[PDB]
Amino acid sequence: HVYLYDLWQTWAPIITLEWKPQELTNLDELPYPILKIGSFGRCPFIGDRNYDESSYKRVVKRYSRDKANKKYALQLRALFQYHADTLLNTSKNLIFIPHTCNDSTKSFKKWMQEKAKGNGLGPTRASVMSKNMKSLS
Amino acid sequence: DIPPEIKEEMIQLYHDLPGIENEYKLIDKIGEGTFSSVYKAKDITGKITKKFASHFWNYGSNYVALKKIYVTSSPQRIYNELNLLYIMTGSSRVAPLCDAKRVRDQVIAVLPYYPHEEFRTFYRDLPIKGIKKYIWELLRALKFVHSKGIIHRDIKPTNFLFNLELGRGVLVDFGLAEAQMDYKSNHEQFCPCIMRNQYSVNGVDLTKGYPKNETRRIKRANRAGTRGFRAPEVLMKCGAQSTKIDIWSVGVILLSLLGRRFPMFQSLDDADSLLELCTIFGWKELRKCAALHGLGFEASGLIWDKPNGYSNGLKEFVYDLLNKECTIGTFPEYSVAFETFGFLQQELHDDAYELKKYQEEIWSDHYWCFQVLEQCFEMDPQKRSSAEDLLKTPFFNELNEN
Amino acid sequence: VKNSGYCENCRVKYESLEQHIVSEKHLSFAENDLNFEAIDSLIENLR
Amino acid sequence: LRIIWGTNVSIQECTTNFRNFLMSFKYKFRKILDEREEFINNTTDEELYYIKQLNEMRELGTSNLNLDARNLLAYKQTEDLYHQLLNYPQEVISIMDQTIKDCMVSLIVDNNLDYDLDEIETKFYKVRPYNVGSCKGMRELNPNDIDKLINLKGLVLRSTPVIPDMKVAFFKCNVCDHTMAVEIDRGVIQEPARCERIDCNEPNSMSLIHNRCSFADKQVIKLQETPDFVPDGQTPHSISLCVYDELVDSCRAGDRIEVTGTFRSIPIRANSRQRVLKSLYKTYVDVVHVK
Ligand SMILES: Nc1ncnc2c1ncn2[C@@H]1O[C@H](COP(=O)(O)OP(=O)(O)O)[C@@H](O)[C@H]1O
Ligand code: BEF
Ligand SMILES: [Mg+2]
Ligand SMILES: [Mg+2]
Ligand SMILES: [Zn+2]
Ligand SMILES: [Zn+2]
Ligand SMILES: [Zn+2]
């Protein structure tokens, strides 16, 4: 369970939620989300549901999108490179720090080699629920 | 060459606004929001061009952004919006209103159009220089805002318009913005949440229990914000919400850049946000914050991958975020995240001359970014340094050129 | 379709916005200028 | 979503509809349903009926709201809520009470009134409907009409004294003085078989204290109907109303009243052999509103 309460108990508890052990059987749908990171810059607490980073069709689509946006990213880096400003930067083309990291391009080459053969507002509501409401629920 | 399916609503609004046909010509709809929609239009009469001409960024042609609020919004709320935008005119980082008028219920606000680029476009591929400049501008804007003595509850990249070609950005939405009221007429009694109303039997302890029949009231505190970008202060309904919730949101945006995760905190409710904070920081730390704010908190039985983990700091967190991307290879070859990856590899212990100069400078920049992140990410409000204090960081040496 | 929300001006929740705007209460509220007097006070101060 | 079992009522939808009706009711709608549009007033019809009523409810401090069901029929959005109210008295009435409390506290909050919400949330609000359709008499109420709103008019012949009704039992453990209080649910009290304490366990330690229980008022009123329609050769029939709480001692003998309430049926025990019930159910009427 998770329990957060007023120290002086003058006001009702804010969050009070408890879960039976049986509903916790699956690790994918915990009521309290887990840090299942996923990939492709998604939410850290969500992942690649119905998605596989190694799926060759997905790899090809992402590679095509990336090669489409190569020039724009290069323009961004050229605009912003160690001068802390744009107009001050006005007067070397690039700096590439090497890494052992795998990327879209290297993984793509590996795969090719492998296959080479509503509103936002709501009415204010009361806090105390009647006992008859509890019975009805 | 524009979707006519938008043109029908354009002309509908046009004839719904009989005092605008001569005044302005509608160009296009540029912005969409939860509380309103934003329309681009041309200025028929040049007086508005002369008015706040300095305010109008002179990049490109001068256009005007039209603020068509939704009718459902409270007239009192709209009055707050227009008054707040009125009383911070001429700041060059806050957007000043130029005109405002209404037709019966419908109300339209005239704002200077700010040519910007979508946050989705560039968060992945922004050099740490870009983060530096963006955060510097944003903190200067919030410094002005807090100097004026208000709180802009909804702080998010969608509500901040930054231009790369100009290299500058301005805040626009002030929809949920709240003016800081008079807090009162040591820090342990600063905010134990006993303020304003309700200010100044033993043997029974509800430490491990929830009453069967509940006969007590809930906190009544403002909860305005966004899905995510919400501070522990407001998240636990902690009383006397301070301006520093804004800088907390700023730090959240900052961390979103460092990790290339846009939906950084997918919180479907308060519970999701609280548990996510528990994951990132630790059960004990969140309990300590709640105790500081005069609030009991308990959680047991839950399983965490990092049990009170990440106490090393946020470095390990962004570290394994980038680690899994590295193993997969999500990022492109030219992605600027790899330099950050190398920075964390080096610091966690886990021609060439220009190269060494460049890497030294990025060492320093990543260093200072990570020690300003922890500077902002602290639950204590009184300890949380103000926006001017953030700007006084050694990371912000580019203001020193004044 | 998705235009379902809460009309704080009318303190009412609507399944459809296009019908709430043409609702009798909402139309009467729109036709009443007494609710917008404070707004007009700062509107005129612009000019 | 989530209709209750045995009913056609969904809590969320019914609360939404009732709030909608409360916010946007004008007496001109009832005038339209009355085909009395030539009598439409510019002042009273314009003003919001129930919002104003809830206001004076707040200042005066009363806890009971009297609702005219034909007003619900007037509002298009709550035409179905009318039939839901007739067919399902208790559930819909509780829904209405919760919605009234919600609307009161919301109206205080939205205007930021200086009046404190301490009293409001602690108070219990009640909705008392009336003008619920026709009378139909009592000879014409088939057994399928059990637990429905009915409208009865007649003469109050006799009124019994106040009968205490147990609400909370006060069983006391003789051994360890474990005095547990048992609330009554659906007219049933469950005795602790042994001492509810774990350290002390003695089944005979329980001995109910009659005097320290908390009771509630109950008055039975004998009403002789005077239906608008009478079948051939039908002598007048007497029905037994059962009022509760504040309505006790309100209706005096000889008053010609019109009463609305829930048509109930209860087994009657054949006292020849204890705990044996007759298969014919006695019929009575719980009372919600008296005009
Ligand atoms: N002056 C402006 N220039 C360009 N885009 C704008 C401007 N004002 C608003 N927008 C766009 O419209 C969106 C919604 O406007 P905003 O004032 O934030 O409304 P809301 O109160 O509904 O959130 C912003 O997120 C932004 O994309
Ligand atoms: F959706 Be806006 F940021 F009010
Ligand atoms: Mg906004
Ligand atoms: Mg806004
Ligand atoms: Zn506090
Ligand atoms: Zn409305
Ligand atoms: Zn005992």
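Whole-percent P(r), the stretch B:262-351, all Cα pairs, 5 Å bins from 0: 3, 11, 18, 19, 17, 13, 9, 6, 3, 1, 0, 0. Show that you can apply the helix-only estimate: for chain A, add -39,500 (n - 2.57) for every DSSP H stretch of four or more residues, divide by all residues, and state [θ] at 222 nm to the nearest 500. Result for chain A, helices only: -8500 deg cm²/dmol.
Counting neighbouring beta carbons within 10 Å and listing from fewest to most, the residues B:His146, D:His83, C:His20 come out as D:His83, B:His146, C:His20. Spatial offset of the stretch C:1-32 relative to the stretch B:104-152 amounts to 32 Å, using the alpha carbon center of each. To the nearest 20 Debye, how big is the dipole of the stretch D:156-225 about its Cα centre, given +1 on the beta carbon of each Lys and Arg and -1 on that of each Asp and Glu? In debye, rounded to 20, the stretch D:156-225 gives about 280.
Label the stretch D:15-115 by shape, choosing from rounded, prolate and oblate, from the square roots a ≥ b ≥ c of the eigenvalues of the Cα gyration tensor; if a/c is under 1.5 it is rounded, and otherwise prolate applies when a/b is larger than b/c, oblate when it is not. Could you put the intermediate results ahead of the total?
Numbers: a/c = 2.14, a/b = 1.16, b/c = 1.85.
It comes out oblate by the Cα gyration axes.
3J(HN,Hα) along the stretch D:13-23, derived from phi through the Karplus expression 6.51 cos²θ - 1.76 cosθ + 1.60 where θ = phi - 60°, amounts to 5, 5, 4, 4, 5, 5, 4, 4, 5, 4, 5 Hz, with x in place of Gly and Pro. Label sites at C:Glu24 and B:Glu5, each approximated as a point 7 angstrom past Cα along Cα to Cβ, lie 3.7 nm apart.
Please list log₁₀ I(q)/I(0) at q = 0.04, 0.06, 0.08, 0.10 Å⁻¹ for the protein assembly as shown, using the Debye equation with identical point scatterers on the alpha-carbon positions. Debye curve over Cα of the protein assembly as shown, log10 I(q)/I(0) at q = 0.04, 0.06, 0.08, 0.10 Å⁻¹: -0.26, -0.57, -0.94, -1.27.
Coupling constants for the stretch B:52-60 follow from the phi torsions by the Karplus curve (6.51 cos²θ - 1.76 cosθ + 1.60, θ = phi - 60°), and in residue order they are 6, 4, 4, 4, 4, 4, 8, 4, x Hz; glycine and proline get x. Of the residues B:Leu275, C:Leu34, B:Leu286, the one with the fewest other Cβ atoms within 10 Å heads the list, and the complete ranking is C:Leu34, B:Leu286, B:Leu275. A helix-only calculation puts chain B at -11500 deg cm²/dmol for mean residue ellipticity at 222 nm, using -39500 (n - 2.57) for each DSSP H run of at least four residues, averaged over all residues.
Taking other residues whose beta carbon is less than 12 angstrom from the beta carbon of B:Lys132, and scoring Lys, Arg as +1 and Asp, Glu as -1, yields -3.
Of D:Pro236, D:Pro89, D:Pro203, which has the largest mean-square fluctuation in a 10 Å C-alpha GNM of chain D? The residue that fluctuates most here is D:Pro203.
Comparing mean-square fluctuations of D:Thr78, D:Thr16, D:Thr260 from a GNM of chain D with C-alpha springs under 10 Å, the top value falls on D:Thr16.
Distance between the C-alpha centres of the stretch A:40-74 and the stretch D:57-91: 57 Å, rounded to the whole angstrom.
Counting other C-beta atoms within 10 Å, which of B:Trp248, A:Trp11 has the fewest, and how do the rest follow? Please report the intermediate quantities before stating the final value.
Values: B:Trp248 24, A:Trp11 19.
Least crowded to most crowded, the residues run A:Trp11, B:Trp248.
Taking Cα centre as origin and charging only the Cβ of basic (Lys, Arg, +1) and acidic (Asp, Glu, -1) residues, the dipole magnitude of chain C rounds to 260 debye. Pairs B:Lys208/D:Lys167; A:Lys134/D:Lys172; A:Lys131/D:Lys101; B:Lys133/B:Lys315: which exceed 19 Å Cα-Cα? Pairs exceeding 19 Å: B:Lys208/D:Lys167; A:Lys134/D:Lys172; B:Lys133/B:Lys315.
Gyration tensor analysis over the Cα atoms of chain B returns equivalent ellipsoid semi-axes of 38, 31, 20 Å (largest first, whole Å). For the stretch D:135-291, the dipole from Cβ point charges (+1 on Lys and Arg, -1 on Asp and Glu) about the Cα centre works out to 540 debye, to the nearest 20.
Using r as the Cβ-Cβ distance of B:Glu388 and D:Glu59, and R0 as 45 Å, what FRET efficiency do you calculate, to the nearest 0.05? Present the calculation step by step, with values, prior to reporting the outcome.
On the way: r = 49 Å, r/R0 = 1.08.
E between B:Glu388 and D:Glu59, to the nearest 0.05, is 0.40.
The relative contact order of the stretch D:1-134 comes to 30 percent, based on Cα pairs under 8 Å that sit 6 or more residues apart. Which of rounded, prolate, oblate describes the stretch B:1-140, given a ≥ b ≥ c as roots of the alpha-carbon gyration tensor eigenvalues and a/c under 1.5 marking rounded, otherwise prolate only if a/b is larger than b/c? The shape class here is prolate. The residue list B:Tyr358, A:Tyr63, A:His83 was ranked by how far each Cα lies along the charge dipole of the protein assembly as shown toward its positive end, using unit charges on Cβ atoms, and A:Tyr63 comes out on top.
A dipole drawn for the protein assembly as shown from +1 and -1 charges on Cβ atoms has a positive end, and of D:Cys173, B:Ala177, B:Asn83 the residue lying farthest that way is D:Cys173. Computed from Cα atoms alone, the Kirkwood hydrodynamic radius reported for the stretch D:82-192 is 18.9 Å.
A straight Cα-to-Cα reach below 27 Å connects B:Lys42 with the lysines B:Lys7, B:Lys25, B:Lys29, B:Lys50, B:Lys51, B:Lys67, B:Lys68, B:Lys101, residues fewer than 8 places away in its own chain not being considered. Here each label is just a point 7 Å from Cα along the line to Cβ, and for D:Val276 and B:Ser300 those points are 5.6 nm apart. Projecting the Cα positions of B:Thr49, B:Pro192, D:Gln190 onto the charge dipole of the protein assembly as shown (unit charges on Cβ atoms of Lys, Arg, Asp and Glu, taken about the Cα centre) puts D:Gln190 furthest along the positive direction. Between C:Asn35 and D:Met180, the C-beta separation translates, for a Förster distance of 45 Å, into a calculated FRET efficiency of about 0.20. A simple spin-label model places pseudo-atoms 7 Å from Cα toward Cβ; at A:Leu7 and D:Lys76 they are separated by 5.6 nm.
Taking a ≥ b ≥ c as the square roots of the eigenvalues of the Cα gyration tensor, an a/c ratio of 1.5 or more together with a/b larger than b/c marks the stretch D:135-291 as prolate. One equal scatterer on each Cα of chain D, no solvent, Debye formula: the resulting log10 I(q)/I(0) at q = 0.09, 0.13, 0.14 Å⁻¹ is -0.60, -1.12, -1.24.
Multiplying the residue separation of A:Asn50 and A:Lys70 by 0.36 nm and subtracting their alpha-carbon distance yields 4.5 nm.
Rule-based calculations on the coordinates, nothing more; no lab input. We place every Cβ from the backbone using ideal geometry, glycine too, and count neighbours over all the protein chains shown.
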